[PDB]
Amino acid sequence: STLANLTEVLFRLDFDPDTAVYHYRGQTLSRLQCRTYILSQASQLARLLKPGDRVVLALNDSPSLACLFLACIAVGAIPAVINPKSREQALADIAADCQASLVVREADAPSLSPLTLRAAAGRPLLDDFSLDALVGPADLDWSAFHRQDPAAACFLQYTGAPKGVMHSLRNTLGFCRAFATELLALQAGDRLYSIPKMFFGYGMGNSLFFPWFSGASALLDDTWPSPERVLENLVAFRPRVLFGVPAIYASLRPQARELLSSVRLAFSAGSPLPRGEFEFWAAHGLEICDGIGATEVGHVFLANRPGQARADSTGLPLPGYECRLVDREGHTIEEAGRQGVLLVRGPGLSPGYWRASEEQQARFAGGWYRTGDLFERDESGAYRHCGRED
Ligand SMILES: Nc1ccccc1C(=O)OP(=O)(O)OC[C@H]1O[C@@H](n2cnc3c(N)ncnc32)[C@H](O)[C@@H]1O
């Protein structure tokens, strides 16, 4: 194929560079402001990292995290975003698993025993992460994108021993198109608010990629989402699309009036949406679309479609995806009402784990991802979660 760079591709999308992309602490950054900052930061990272070097970002959601992530990709580095409050041994184990060359952490955090840089105290709108003092200020017109095969590993997503899922340019644009375009039909200018953070694959797509992919903007909050905080954000930001999980919508019941004010598309992932929650908000005039995603598949690959959602259901495979149920002998289940393990194949499929044993990599056997989830399929074709396999 043609060598390409995921960041460069996103920067090339023909969206108004003067429109917002990220929101943070009441402020706003446009596509142009972030593009310029990313290129500048890339000139600094290229002095520190070579193509292929791994980077672990133990940071909460912020524009500097999204920009640093994309700056790593710009130079050919392979970044991963993990829980900033990860325990020392957990962060060390992840950095060891991907043999990271660089770890970026919050302020005052201890050192790992790879190179450790810390973010600045005060939560600035754009942080240099001490790169100015380390490698000097940035170059003014940087554009030395490292272009590689679209199927090559571009970044990692970590989910017992941690497993790092490889994601490439191809299957990244794949799961963005399938979900952000074909399922949600996100429009330029849409205000997005994802409560799950960017160290969760769910949140990375919601907050990091979709604003660039679809021309929308996302609210980034580096504090933990207490229902009180979630409320302040809703009131101040008034998002049109809300990415939550079942428990989040349960916690939002007493604030239904405030949520209905702006939210028009409410999505739920992570675990099955109970009928009670779907029906509580349906009577308030809000449809919650339940969809399943998996780190190994990029994002949601099977979901209820807006305007056609049903209670106690995960919907249908997204366009381009194929879903199959297998019995205890690995044989395809052709019938309805028979629960089996769900296999999935499609645009978002990851090319595999970064480091793993043959038994772990076997989850990708045959060109499918074995979710380990028990699913059944009714006559209409809709899937319903039934639990996990033993
Ligand atoms: N990474 C993601 C991106 C987008 C959206 C979700 C994710 C995400 O959750 O990624 P993970 O790798 O952490 O977990 C995947 C596993 O979580 C479970 N699950 C997720 N969503 C649902 C759902 N709607 N209904 C029922 N079960 C669900 C299921 O066991 C699955 O195997």
# chains A, B, ... in the order shown; residues from 1 in each chain; ligands from 1
>>> residues_near_ligand(ligand="ligand 1", cutoff="6 Å", atoms="only C-alpha atoms and all ligand atoms", output="list in words")
residues 159, 201, 202, 269, 270, 271, 272, 290, 291, 292, 293, 294, 295, 299, 300, 371, 373 and 385 of chain A
>>> write_last_selection(atoms="N, CA, C and O atoms", output="mmCIF file, in the first residue's frame")
data_model
loop_
_atom_site.group_PDB
_atom_site.id
_atom_site.type_symbol
_atom_site.label_atom_id
_atom_site.label_comp_id
_atom_site.auth_asym_id
_atom_site.auth_seq_id
_atom_site.Cartn_x
_atom_site.Cartn_y
_atom_site.Cartn_z
ATOM 1 N N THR A 159 -5.465 -3.390 28.362
ATOM 2 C CA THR A 159 -6.737 -3.698 28.997
ATOM 3 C C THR A 159 -6.525 -4.097 30.455
ATOM 4 O O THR A 159 -7.369 -3.833 31.311
ATOM 5 N N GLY A 201 -10.192 2.245 26.093
ATOM 6 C CA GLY A 201 -10.379 2.293 24.650
ATOM 7 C C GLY A 201 -11.674 2.972 24.249
ATOM 8 O O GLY A 201 -11.720 3.717 23.266
ATOM 9 N N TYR A 202 -12.744 2.719 25.004
ATOM 10 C CA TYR A 202 -14.007 3.417 24.793
ATOM 11 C C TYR A 202 -13.793 4.925 24.749
ATOM 12 O O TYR A 202 -14.188 5.595 23.789
ATOM 13 N N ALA A 269 -21.919 1.771 26.827
ATOM 14 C CA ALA A 269 -21.064 0.632 26.528
ATOM 15 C C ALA A 269 -20.367 0.201 27.812
ATOM 16 O O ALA A 269 -20.521 0.823 28.866
ATOM 17 N N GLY A 270 -19.596 -0.880 27.715
ATOM 18 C CA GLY A 270 -18.857 -1.389 28.852
ATOM 19 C C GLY A 270 -19.505 -2.605 29.479
ATOM 20 O O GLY A 270 -18.818 -3.549 29.880
ATOM 21 N N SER A 271 -20.831 -2.591 29.570
ATOM 22 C CA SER A 271 -21.591 -3.699 30.131
ATOM 23 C C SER A 271 -23.035 -3.562 29.670
ATOM 24 O O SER A 271 -23.434 -2.496 29.188
ATOM 25 N N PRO A 272 -23.840 -4.616 29.801
ATOM 26 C CA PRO A 272 -25.188 -4.583 29.218
ATOM 27 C C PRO A 272 -26.080 -3.557 29.898
ATOM 28 O O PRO A 272 -26.082 -3.419 31.124
ATOM 29 N N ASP A 290 -27.447 0.900 23.338
ATOM 30 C CA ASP A 290 -26.500 -0.015 23.958
ATOM 31 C C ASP A 290 -25.650 -0.669 22.877
ATOM 32 O O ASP A 290 -26.183 -1.254 21.927
ATOM 33 N N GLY A 291 -24.333 -0.561 23.020
ATOM 34 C CA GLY A 291 -23.416 -1.165 22.073
ATOM 35 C C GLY A 291 -22.191 -1.734 22.752
ATOM 36 O O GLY A 291 -21.680 -1.148 23.711
ATOM 37 N N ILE A 292 -21.708 -2.876 22.267
ATOM 38 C CA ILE A 292 -20.545 -3.545 22.838
ATOM 39 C C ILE A 292 -19.328 -3.228 21.984
ATOM 40 O O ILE A 292 -19.383 -3.301 20.750
ATOM 41 N N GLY A 293 -18.229 -2.859 22.646
ATOM 42 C CA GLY A 293 -16.938 -2.789 22.005
ATOM 43 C C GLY A 293 -15.930 -3.607 22.791
ATOM 44 O O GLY A 293 -16.214 -4.091 23.887
ATOM 45 N N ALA A 294 -14.745 -3.758 22.206
ATOM 46 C CA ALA A 294 -13.659 -4.476 22.855
ATOM 47 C C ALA A 294 -12.340 -3.881 22.391
ATOM 48 O O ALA A 294 -12.197 -3.517 21.221
ATOM 49 N N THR A 295 -11.385 -3.776 23.318
ATOM 50 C CA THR A 295 -10.082 -3.214 22.977
ATOM 51 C C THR A 295 -9.506 -3.889 21.739
ATOM 52 O O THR A 295 -8.951 -3.222 20.859
ATOM 53 N N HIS A 299 -13.295 -0.333 18.817
ATOM 54 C CA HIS A 299 -14.407 0.371 19.439
ATOM 55 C C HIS A 299 -15.656 -0.495 19.282
ATOM 56 O O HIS A 299 -15.557 -1.712 19.096
ATOM 57 N N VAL A 300 -16.831 0.135 19.354
ATOM 58 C CA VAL A 300 -18.084 -0.601 19.272
ATOM 59 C C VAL A 300 -18.210 -1.247 17.901
ATOM 60 O O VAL A 300 -18.030 -0.595 16.866
ATOM 61 N N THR A 371 -14.401 -13.001 21.825
ATOM 62 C CA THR A 371 -14.691 -12.060 22.902
ATOM 63 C C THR A 371 -14.702 -12.734 24.265
ATOM 64 O O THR A 371 -14.466 -12.072 25.282
ATOM 65 N N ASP A 373 -17.430 -13.665 25.442
ATOM 66 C CA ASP A 373 -18.767 -13.314 25.896
ATOM 67 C C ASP A 373 -19.776 -14.309 25.342
ATOM 68 O O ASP A 373 -19.691 -14.712 24.179
ATOM 69 N N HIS A 385 -26.568 -10.061 25.338
ATOM 70 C CA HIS A 385 -25.500 -10.575 26.184
ATOM 71 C C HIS A 385 -26.056 -11.570 27.196
ATOM 72 O O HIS A 385 -27.117 -11.351 27.787
#
>>> residues_around(residues="residue 62 in chain A", least_positions_apart="5", cutoff="9 Å", atoms="only C-alpha atoms", output="list in words")
residues 22, 23, 24, 67, 123, 125, 126, 219, 220, 221 and 222 of chain A
>>> select_by_dssp(residues="range 122-356 of chain A", states="strand (DSSP E or B)", output="VMD selection string")
chain A and resid 148 153 to 158 164 to 168 191 to 194 217 to 220 241 to 244 265 to 268 288 to 293 300 to 303 315 to 317 322 to 326 332 340 to 345 352 to 353
>>> residues_around(residues="residue 284 in chain A", least_positions_apart="6", cutoff="12 Å", atoms="only C-alpha atoms", output="list in words")
residues 253, 254, 255, 256, 257, 258, 259, 260, 261, 277 and 278 of chain A
>>> closest_residue(among="A:239, A:227, A:372, A:162", to="residue 193 in chain A", atoms="only C-alpha atoms")
A:239
>>> closest_atom_pairs(of="range 320-376 of chain A", to="range 164-176 of chain A", cutoff="10 Å", atoms="only C-alpha atoms", output="tab-separated table")
residue	atom	partner	partner_atom	distance
A:320	CA	A:174	CA	9.1
A:321	CA	A:175	CA	9.6
A:346	CA	A:174	CA	8.2
A:347	CA	A:174	CA	4.5
A:348	CA	A:175	CA	4.3
A:349	CA	A:171	CA	6.1
A:350	CA	A:167	CA	5.5
A:351	CA	A:166	CA	6.3
A:352	CA	A:166	CA	5.8
A:353	CA	A:165	CA	4.5
A:354	CA	A:164	CA	5.3
A:355	CA	A:164	CA	6.8
A:356	CA	A:164	CA	8.5
>>> residues_around(residues="residue 71 in chain A", least_positions_apart="3", cutoff="8 Å", atoms="only C-alpha atoms", output="MDAnalysis selection string")
chainID A and resid 7 38:39 41:42 45 67:68 74:75
>>> residues_around(residues="range 79-90 of chain A", least_positions_apart="3", cutoff="8 Å", atoms="only C-alpha atoms", output="PyMOL selection string")
chain A and resi 54-60+69+72-73+93-94+105-106+112+154-158+198-200
